[PDB]
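**Student:** Following this message is one structure expressed as structure tokens.
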Amino acid sequence: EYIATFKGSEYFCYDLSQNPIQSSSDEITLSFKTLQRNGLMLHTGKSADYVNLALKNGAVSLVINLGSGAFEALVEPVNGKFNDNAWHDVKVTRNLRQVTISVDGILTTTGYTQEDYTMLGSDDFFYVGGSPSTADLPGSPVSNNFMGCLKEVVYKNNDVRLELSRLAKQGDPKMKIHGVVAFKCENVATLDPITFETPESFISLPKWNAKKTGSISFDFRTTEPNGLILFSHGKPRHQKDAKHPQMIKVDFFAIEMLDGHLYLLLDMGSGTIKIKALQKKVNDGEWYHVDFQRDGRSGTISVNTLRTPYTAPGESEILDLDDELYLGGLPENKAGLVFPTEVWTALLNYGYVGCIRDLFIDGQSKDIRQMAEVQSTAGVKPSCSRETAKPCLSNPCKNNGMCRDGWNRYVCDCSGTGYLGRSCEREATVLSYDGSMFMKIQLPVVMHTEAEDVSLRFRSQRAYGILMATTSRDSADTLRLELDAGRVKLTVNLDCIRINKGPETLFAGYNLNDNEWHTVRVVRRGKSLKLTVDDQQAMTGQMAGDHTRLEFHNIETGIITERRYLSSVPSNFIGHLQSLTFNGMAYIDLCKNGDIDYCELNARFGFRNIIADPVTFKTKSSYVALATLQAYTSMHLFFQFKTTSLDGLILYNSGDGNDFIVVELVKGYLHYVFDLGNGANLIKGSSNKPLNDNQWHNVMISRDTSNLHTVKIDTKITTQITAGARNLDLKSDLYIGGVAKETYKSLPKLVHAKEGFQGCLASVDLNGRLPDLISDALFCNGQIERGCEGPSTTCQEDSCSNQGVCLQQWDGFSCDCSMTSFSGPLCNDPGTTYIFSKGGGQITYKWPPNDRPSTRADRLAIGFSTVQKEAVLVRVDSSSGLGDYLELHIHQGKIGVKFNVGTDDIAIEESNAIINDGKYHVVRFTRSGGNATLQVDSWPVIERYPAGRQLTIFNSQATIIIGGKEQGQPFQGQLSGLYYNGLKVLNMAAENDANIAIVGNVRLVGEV
Ligand SMILES: *[C@@H]1O[C@H](CO)[C@@H](O[C@@H]2O[C@H](CO)[C@@H](O)[C@H](O)[C@H]2NC(C)=O)[C@H](O)[C@H]1NC(C)=O
């Protein structure tokens, strides 16, 4: 008996080229044992002549071509199945073009080979149990090597009797046993199926060694609408993109789910191909069989049997994958890994979750419940179960998060809620923006995408302003969300090439400037845009020009800082944001918690009511004039004021004819007066009290395209509707906070004002533009002063407190403490003090070899107390081989300094002042080349001007040594607040600066 266990990845191989089979008669016998539904038992020959016998989804297939039109048979499972693990028999006989296939010896089928050929000629190879590629050999219906046991295999023809089961065992120099081996039976088989529990979970796979041809099959099961199943790329091509030379192009293929839809992706070196693998959505939570067969340019993709044609563009046949292939998602931060833009799910971090079994690569079963399964993958499990409890009953999403019933898990969509995290349990961080702050995520490498999900929540009082924006250093491409006249406006600009579009936009929402929070969600899939504010109905648009790919280097909020190529941009935001989410990154939170280091900003975290760049008008009569209001089609004004005065003109701008617009305070109440060609109207803003109670008020005044005017004061809307009128430009400059003295005597009809505004304006928004009231003024009158808090503090005789130097800044004075021996903002706190006690000590600063200073002017100050008569406090030496040094010492109870910059030594000594005394003294030394000066405490400055040839550079400074041990005169007392050319040497030492060594008896003091 000749029985042999076919391991799966093993097969027999006979060489017929020394004695060709070619025959008119012939006959084929064997018994088979298999659990599996497909597998090649055997095959011989190439082109037009072959004979091919194998199990095809549970039935015995047989193909014969004698040279001109095959005979195909597929004998059926009558009473039970063939994949039963029991023995079954095959007899195949053939007389000329006549074929009979017998099963177990009684399930016959008869037919003919086509046309007139009768000669089966094959001089290549005779395969048993599998092959180098099964989906290739001619007439194959399967693509699978055999798993299980084969018995008593024989091909008798009229001439020779190739008895293959026997010749393989007894050993023949014409029989090649390619891979594995195994020669008994009663040996069983099967391989486990697998569950990928989490998105991020993935299995790493052995290189698909494709080429011209390759095939793949596996089974899947899930209720997850989106996810990346299989993916693999080649090596980076020298053939660049025209538009994106920055974008790494590679050969590849992927299989992917996207909204329950199955998808195949191939790129072989010229253009991609996307294929709906099946019409119906496949996230049925039902098993599906997936064959993928490819042959150079063409191939088919098969779902439960239903095959779909493809041909990839261009003439590239080879699909050149190299190295690792991936199943169920991608790793994070594998360098070398390149995500091609065409593959949506890779770039949206939708790793697959669900079940996968029975994997075959080029015909060969790879078992997975081992793969990197027993090889330490996290979030993958042995068997595959479907938890009948619907997990969103678990009731798991907090705070009105939306719950999605997943695979074996629920998912939360926290986007609209102010929370994040698996269960919306984490409060989401708020960034707050006052019109001159930004928060900019600089991606660590450059993104290229064809598809996004972006959401964010904002609130603002302003009808305009940027929400979020992606930007490139290399072009003006951008995906951007912004407030535009109260609506949210999505803009998707993709830029040029071809020449010898416009922007594409959506709008959603109205009046979102109410200072309540709104959620905005953008989905892009290629040319499709979908935008949607809050719960309202989604607004959709198809983009038109056939570019889809978007390059970005940053995601920007607040200010658009990267705008090299735009001479103009949406205006800076003022309000708050929260829950920025961009292909699932929560950048605001990541940034705040420091989970990412590439986030850069000057927004402030946490919410606060904003007053944005407040400006003071000191006297009524002070006013500025700005360039003309630009209310084209609609108008949205906003500002805040704070005043103690009952009446003044606040905003005036006039037009052609009787046209004008005014905003004024009258007897405490706010009045918006205007005439747009139908005569003057007054609308009184609504409040019970006078508004000059020295608090900030918000004022918001707007005319829309229906001519509905609205005046809002703090929380109170007043609306009125006025006459339909060709809306016309204004003409005069735009005056704020008064007008020229002479003008009030002739302002329009119902304008009360005879005097300007006194008080503060802030957050001034003129129909989309945030002027800097002081800086953008065209001219000015009287005093407009920055801030809302009177003037900056200015320097006084007594301002700094230890001979600190008082310097003026724009926001009040500072004290330069450098030459005092002190610290703190008024030079009044003790400088960093070290106590040098008995037996000596030493703090050394050592410059790193290349930052060795070489100066023409030095200055050094330090504070000290000591009883000593002889001591070296501090010394600075040049590096090994040069003369130059500077040394502050106490010789004969008197403080002094000695230095050499390449000529003579120069001494300078405070001769008269007691300093070894026990009391605190400070000494300040300066030097300019040859000349130097010395001063202690309050003693007149001592100046030294050498005559003759002085060199001037203290060359290559290498160490500052404090303490005296080197120069053998240890210091003993207290050294405090030493400053040398910019270095605060003791602050440095008290902070473990790596270039500081401390040795010996020397202690850092406490503070108060
Ligand atoms: C060292 O000190 C002297 C003395 O004041 C400086 O020499 C004078 O420089 C001034 C301009 O500041 C000239 O008008 C004089 O002609 C110079 N007088 C002398 C005595 O030469 C000198 O420049 C200082 N040198 C350095 C390098 O700081």
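Identifiers in the structure tokens: chain A, B, ... in order shown; residue index from 1 per chain; ligand index from 1 in order shown.
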If you count only C-alpha atoms and all ligand atoms, which residues end up within 8 Å of ligand 1, as a ChimeraX atom specification?

**Tutor:** /A:928-931,945-947,952

**Student:** Using only N, CA and C atoms, please write the residues we just selected to a file, as an mmCIF file, in the first residue's frame.

**Tutor:**
data_model
loop_
_atom_site.group_PDB
_atom_site.id
_atom_site.type_symbol
_atom_site.label_atom_id
_atom_site.label_comp_id
_atom_site.auth_asym_id
_atom_site.auth_seq_id
_atom_site.Cartn_x
_atom_site.Cartn_y
_atom_site.Cartn_z
ATOM 1 N N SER A 928 37.826 96.286 28.508
ATOM 2 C CA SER A 928 37.777 96.443 27.066
ATOM 3 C C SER A 928 39.228 96.390 26.484
ATOM 4 N N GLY A 929 39.578 95.242 25.902
ATOM 5 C CA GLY A 929 40.909 94.980 25.455
ATOM 6 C C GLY A 929 41.843 95.243 26.621
ATOM 7 N N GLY A 930 42.753 96.185 26.392
ATOM 8 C CA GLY A 930 43.710 96.599 27.393
ATOM 9 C C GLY A 930 43.126 97.325 28.597
ATOM 10 N N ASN A 931 42.168 98.222 28.362
ATOM 11 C CA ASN A 931 41.612 99.055 29.412
ATOM 12 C C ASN A 931 40.716 98.184 30.270
ATOM 13 N N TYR A 945 44.046 102.518 32.328
ATOM 14 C CA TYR A 945 44.369 102.630 30.892
ATOM 15 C C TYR A 945 45.853 102.464 30.585
ATOM 16 N N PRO A 946 46.259 101.237 30.244
ATOM 17 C CA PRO A 946 47.669 100.978 29.923
ATOM 18 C C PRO A 946 48.165 101.767 28.683
ATOM 19 N N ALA A 947 49.401 102.273 28.703
ATOM 20 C CA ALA A 947 49.988 102.852 27.497
ATOM 21 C C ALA A 947 50.793 101.808 26.716
ATOM 22 N N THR A 952 44.203 92.532 22.567
ATOM 23 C CA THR A 952 42.862 92.834 23.073
ATOM 24 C C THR A 952 41.939 91.682 23.266
#

**Student:** Give me the residues within 7 Å of segment 453-462 of chain A as a list in words, counting only C-alpha atoms and dropping any in the same chain fewer than 6 places off.

**Tutor:** residues 415, 513, 514, 515, 516, 517, 518, 519, 520, 521, 522, 523, 524, 574, 575, 576, 577, 578, 579, 580, 581, 582, 583 and 638 of chain A

**Student:** Please build the interface table for segment 336-439 of chain A against segment 304-328 of chain A with a cut-off of 12 Å, listing for each qualifying residue the nearest atom pair and the distance in Å to one decimal; count only C-alpha atoms, order rows by chain and increasing number, and write it as a tab-separated table.

**Tutor:**
residue	atom	partner	partner_atom	distance
A:336	CA	A:323	CA	10.6
A:337	CA	A:324	CA	9.7
A:345	CA	A:328	CA	11.0
A:346	CA	A:328	CA	10.5
A:349	CA	A:328	CA	11.2
A:350	CA	A:328	CA	9.4
A:351	CA	A:328	CA	5.9
A:352	CA	A:328	CA	4.7
A:353	CA	A:328	CA	6.9
A:354	CA	A:328	CA	8.5
A:355	CA	A:328	CA	9.4
A:356	CA	A:328	CA	8.8
A:357	CA	A:327	CA	11.4
A:359	CA	A:327	CA	10.5
A:361	CA	A:325	CA	11.0
A:368	CA	A:327	CA	10.1
A:371	CA	A:327	CA	10.6
A:372	CA	A:327	CA	10.6
A:373	CA	A:327	CA	11.6
A:377	CA	A:328	CA	11.6
A:379	CA	A:328	CA	10.9
A:380	CA	A:328	CA	9.9

**Student:** Now that the selection is made, can you save its residues with N, CA and C atoms as a short mmCIF file (atom, residue, chain, number, x, y, z; two decimals), in the first residue's frame?

**Tutor:**
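What ended up in part36.cif:
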data_model
loop_
_atom_site.label_atom_id
_atom_site.label_comp_id
_atom_site.auth_asym_id
_atom_site.auth_seq_id
_atom_site.Cartn_x
_atom_site.Cartn_y
_atom_site.Cartn_z
N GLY A 336 10.44 53.22 6.58
CA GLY A 336 10.40 52.37 5.38
C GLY A 336 8.98 52.10 4.88
N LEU A 337 8.03 51.99 5.81
CA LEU A 337 6.61 51.90 5.48
C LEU A 337 6.01 53.21 4.89
N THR A 345 -8.21 53.66 3.74
CA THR A 345 -8.19 53.17 5.10
C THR A 345 -6.85 53.17 5.76
N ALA A 346 -5.79 52.96 5.00
CA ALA A 346 -4.49 53.09 5.60
C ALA A 346 -4.32 54.53 6.20
N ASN A 349 -6.48 55.43 9.43
CA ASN A 349 -6.29 54.57 10.60
C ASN A 349 -7.54 53.84 10.88
N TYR A 350 -7.99 53.05 9.91
CA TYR A 350 -9.10 52.13 10.06
C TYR A 350 -8.50 50.78 9.91
N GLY A 351 -7.61 50.39 10.82
CA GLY A 351 -7.18 48.97 10.83
C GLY A 351 -8.37 48.01 10.95
N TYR A 352 -8.31 46.83 10.33
CA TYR A 352 -9.43 45.91 10.34
C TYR A 352 -9.64 45.33 11.70
N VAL A 353 -10.92 45.26 12.07
CA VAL A 353 -11.34 44.37 13.13
C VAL A 353 -12.41 43.41 12.61
N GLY A 354 -12.26 42.15 13.01
CA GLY A 354 -13.12 41.08 12.58
C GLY A 354 -12.37 39.76 12.57
N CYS A 355 -12.91 38.83 11.79
CA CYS A 355 -12.42 37.45 11.71
C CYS A 355 -11.84 37.10 10.35
N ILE A 356 -10.73 36.36 10.35
CA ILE A 356 -10.06 35.93 9.09
C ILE A 356 -9.62 34.46 9.24
N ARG A 357 -9.89 33.58 8.27
CA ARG A 357 -9.35 32.18 8.31
C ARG A 357 -8.79 31.66 6.98
N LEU A 359 -5.80 30.92 5.06
CA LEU A 359 -5.03 31.79 4.19
C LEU A 359 -4.06 31.02 3.27
N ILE A 361 -1.25 31.78 0.02
CA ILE A 361 -0.43 32.70 -0.75
C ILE A 361 0.31 31.92 -1.83
N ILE A 368 -2.49 30.82 10.61
CA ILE A 368 -2.39 32.12 11.26
C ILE A 368 -2.42 32.08 12.78
N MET A 371 0.86 32.47 13.26
CA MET A 371 1.79 33.30 12.48
C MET A 371 2.73 34.15 13.32
N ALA A 372 2.27 35.35 13.69
CA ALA A 372 2.84 36.13 14.80
C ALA A 372 1.77 36.08 15.92
N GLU A 373 0.79 35.17 15.74
CA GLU A 373 -0.22 34.85 16.75
C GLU A 373 0.42 34.25 18.01
N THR A 377 1.63 38.90 19.01
CA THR A 377 0.77 40.01 18.61
C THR A 377 -0.23 40.34 19.73
N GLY A 379 -3.91 42.01 20.90
CA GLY A 379 -5.26 42.22 20.34
C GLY A 379 -5.73 41.28 19.23
N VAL A 380 -5.23 40.05 19.24
CA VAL A 380 -5.65 39.00 18.32
C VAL A 380 -5.96 37.74 19.14
#

**Student:** Write out as a PyMOL selection string all residues of segment 287-433 of chain A that backbone DSSP assigns to strand (DSSP E or B).

**Tutor:** chain A and resi 288-295+298-303+306-311+325-327+351+354-361+364-366+380-381+402-405+410-413+419-420+426-427+430-433

**Student:** Those same residues, written as a PDB file, in the first residue's frame with C-alpha atoms?

**Tutor:**
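Output file out_8.pdb is given in full below:
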ATOM      1  CA  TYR A 288     -17.068  35.408   2.777  1.00  0.00           C
ATOM      2  CA  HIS A 289     -14.592  33.674   0.508  1.00  0.00           C
ATOM      3  CA  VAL A 290     -12.080  35.929  -1.221  1.00  0.00           C
ATOM      4  CA  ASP A 291     -10.011  34.744  -4.192  1.00  0.00           C
ATOM      5  CA  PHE A 292      -7.505  37.048  -5.797  1.00  0.00           C
ATOM      6  CA  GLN A 293      -5.825  35.808  -9.006  1.00  0.00           C
ATOM      7  CA  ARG A 294      -3.468  38.025 -10.998  1.00  0.00           C
ATOM      8  CA  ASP A 295      -1.476  37.644 -14.211  1.00  0.00           C
ATOM      9  CA  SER A 298      -5.007  41.519 -15.506  1.00  0.00           C
ATOM     10  CA  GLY A 299      -6.646  39.527 -12.773  1.00  0.00           C
ATOM     11  CA  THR A 300      -9.880  38.636 -11.113  1.00  0.00           C
ATOM     12  CA  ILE A 301     -11.239  39.176  -7.604  1.00  0.00           C
ATOM     13  CA  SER A 302     -13.797  36.674  -6.418  1.00  0.00           C
ATOM     14  CA  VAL A 303     -16.191  36.906  -3.504  1.00  0.00           C
ATOM     15  CA  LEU A 306     -18.447  35.906  -7.951  1.00  0.00           C
ATOM     16  CA  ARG A 307     -15.440  37.041 -10.027  1.00  0.00           C
ATOM     17  CA  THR A 308     -14.773  40.589 -11.139  1.00  0.00           C
ATOM     18  CA  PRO A 309     -12.577  41.589 -14.154  1.00  0.00           C
ATOM     19  CA  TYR A 310      -9.726  44.050 -13.842  1.00  0.00           C
ATOM     20  CA  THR A 311      -6.944  45.338 -16.110  1.00  0.00           C
ATOM     21  CA  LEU A 325       3.163  42.037   3.755  1.00  0.00           C
ATOM     22  CA  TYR A 326       0.514  42.944   6.302  1.00  0.00           C
ATOM     23  CA  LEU A 327      -2.811  41.475   7.534  1.00  0.00           C
ATOM     24  CA  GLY A 351      -7.178  48.973  10.826  1.00  0.00           C
ATOM     25  CA  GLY A 354     -13.122  41.080  12.580  1.00  0.00           C
ATOM     26  CA  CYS A 355     -12.419  37.451  11.709  1.00  0.00           C
ATOM     27  CA  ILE A 356     -10.061  35.928   9.091  1.00  0.00           C
ATOM     28  CA  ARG A 357      -9.348  32.183   8.310  1.00  0.00           C
ATOM     29  CA  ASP A 358      -7.738  29.766   5.848  1.00  0.00           C
ATOM     30  CA  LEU A 359      -5.027  31.790   4.193  1.00  0.00           C
ATOM     31  CA  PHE A 360      -3.288  30.835   0.939  1.00  0.00           C
ATOM     32  CA  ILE A 361      -0.434  32.699  -0.751  1.00  0.00           C
ATOM     33  CA  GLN A 364       0.006  27.575  -0.221  1.00  0.00           C
ATOM     34  CA  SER A 365      -1.878  27.450   3.142  1.00  0.00           C
ATOM     35  CA  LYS A 366      -0.298  29.764   5.717  1.00  0.00           C
ATOM     36  CA  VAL A 380      -5.654  38.996  18.324  1.00  0.00           C
ATOM     37  CA  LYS A 381      -7.376  35.870  19.613  1.00  0.00           C
ATOM     38  CA  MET A 402     -23.109  58.161  19.846  1.00  0.00           C
ATOM     39  CA  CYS A 403     -22.704  54.456  20.281  1.00  0.00           C
ATOM     40  CA  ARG A 404     -21.957  52.122  17.391  1.00  0.00           C
ATOM     41  CA  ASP A 405     -22.443  48.380  17.758  1.00  0.00           C
ATOM     42  CA  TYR A 410     -18.885  48.955  20.964  1.00  0.00           C
ATOM     43  CA  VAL A 411     -17.389  52.111  19.624  1.00  0.00           C
ATOM     44  CA  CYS A 412     -18.121  55.676  20.797  1.00  0.00           C
ATOM     45  CA  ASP A 413     -18.165  58.742  18.638  1.00  0.00           C
ATOM     46  CA  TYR A 419     -15.233  64.421  25.651  1.00  0.00           C
ATOM     47  CA  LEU A 420     -12.780  61.996  24.191  1.00  0.00           C
ATOM     48  CA  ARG A 426     -12.064  62.348  29.346  1.00  0.00           C
ATOM     49  CA  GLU A 427     -12.899  66.079  29.311  1.00  0.00           C
ATOM     50  CA  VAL A 430     -10.149  73.833  25.291  1.00  0.00           C
ATOM     51  CA  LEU A 431      -7.774  76.282  23.564  1.00  0.00           C
ATOM     52  CA  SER A 432      -8.679  79.839  23.624  1.00  0.00           C
ATOM     53  CA  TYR A 433      -7.693  82.342  20.975  1.00  0.00           C
TER      54      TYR A 433
END

**Student:** Between A:57, A:634, A:820, A:878, which has the minimum distance to residue 958 of chain A (counting only C-alpha atoms)?

**Tutor:**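 With only C-alpha atoms as the atom set, the closest residue is A:878.
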
**Student:** Just want the 6 Å neighbourhood of residue 836 of chain A, counted on only C-alpha atoms, with same-chain residues fewer than 3 positions away dropped. Output as a ChimeraX atom specification.

**Tutor:** /A:841,972-974,1002

**Student:** Which residues come within 9 Å of residue 246 of chain A, counting only C-alpha atoms, excluding same-chain residues fewer than 6 positions away, as a ChimeraX atom specification?

**Tutor:** /A:240,446,551

**Student:** Convert the current residue selection to file output with C-alpha atoms, as a PDB file, in the first residue's frame.

**Tutor:**
ATOM      1  CA  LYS A 240       8.397  61.130  -9.492  1.00  0.00           C
ATOM      2  CA  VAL A 446       4.816  65.328   5.032  1.00  0.00           C
ATOM      3  CA  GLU A 551      -0.278  67.732   0.519  1.00  0.00           C
TER       4      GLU A 551
END

**Student:** Grab the atom CA of residue 54 of chain A to atom CA of residue 144 of chain A distance for me, in Å with one decimal place.

**Tutor:**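 It comes out at 9.1 Å.
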
**Student:** Could you check the closest approach to residue 549 of chain A for each of A:664, A:993, A:452, A:597 and tell me which residue wins, using only C-alpha atoms?

**Tutor:**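 Nearest to residue 549 of chain A: A:452.
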
**Student:** Write out as a PyMOL selection string each polymer residue whose atoms come within 8 Å of residue 329 of chain A, counting only C-alpha atoms; drop sequence neighbours fewer than 5 positions from it.

**Tutor:** chain A and resi 199-203+227-231+346+350-352

**Student:** Using only C-alpha atoms, which residue out of A:731, A:498, A:169, A:667 lies closest to residue 653 of chain A?

**Tutor:**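 Looking at the shortest contact to residue 653 of chain A, the residue is A:731.
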
**Student:** Neighbouring residues of segment 471-477 of chain A were defined as those with any atom within 6 Å, considering only C-alpha atoms; residues of the same chain fewer than 2 positions away were excluded. Please report them as an NGL selection string.

**Tutor:** :A and (493-495 or 552-554 or 565)

**Student:** Skip residue 677 of chain A itself and residues of its chain fewer than 4 positions away, then list as a VMD selection string all residues within 10 Å of it, counting only C-alpha atoms.

**Tutor:** chain A and resid 655 to 660 723 to 728

**Student:** Can you work out which one of A:960, A:670, A:985, A:954 has the shortest atom-to-atom distance to residue 821 of chain A, counting only C-alpha atoms?

**Tutor:**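 Under the stated criterion, the closest residue is A:985.
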
**Student:** I'd like the interatomic distance between atom CA of residue 428 of chain A and atom CA of residue 397 of chain A, to a tenth of an Å.

**Tutor:**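 So the two atoms, atom CA of residue 428 of chain A and atom CA of residue 397 of chain A, lie 15.0 Å apart.
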
**Student:** For the atom pair atom CA of residue 175 of chain A and atom CA of residue 49 of chain A, what is the interatomic distance in Å to one decimal place?

**Tutor:**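 Distance reported for this atom pair: 21.5 Å.
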
**Student:** Could you pull out the alpha helix (DSSP H) residues of segment 37-187 of chain A from DSSP and send them as a PDB file with C-alpha atoms, in the first residue's frame?

**Tutor:**
ATOM      1  CA  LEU A 164       3.881   7.835  -9.004  1.00  0.00           C
ATOM      2  CA  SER A 165       3.017   6.908  -5.337  1.00  0.00           C
ATOM      3  CA  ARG A 166       5.531   4.011  -5.547  1.00  0.00           C
ATOM      4  CA  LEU A 167       8.405   5.774  -7.410  1.00  0.00           C
ATOM      5  CA  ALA A 168       8.250   8.638  -4.866  1.00  0.00           C
ATOM      6  CA  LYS A 169       8.683   6.226  -1.910  1.00  0.00           C
ATOM      7  CA  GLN A 170      11.194   3.718  -3.421  1.00  0.00           C
TER       8      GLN A 170
END

**Student:** Just checking: using only C-alpha atoms, which residue out of A:859, A:386, A:235, A:636 ends up closest to residue 487 of chain A?

**Tutor:** A:636
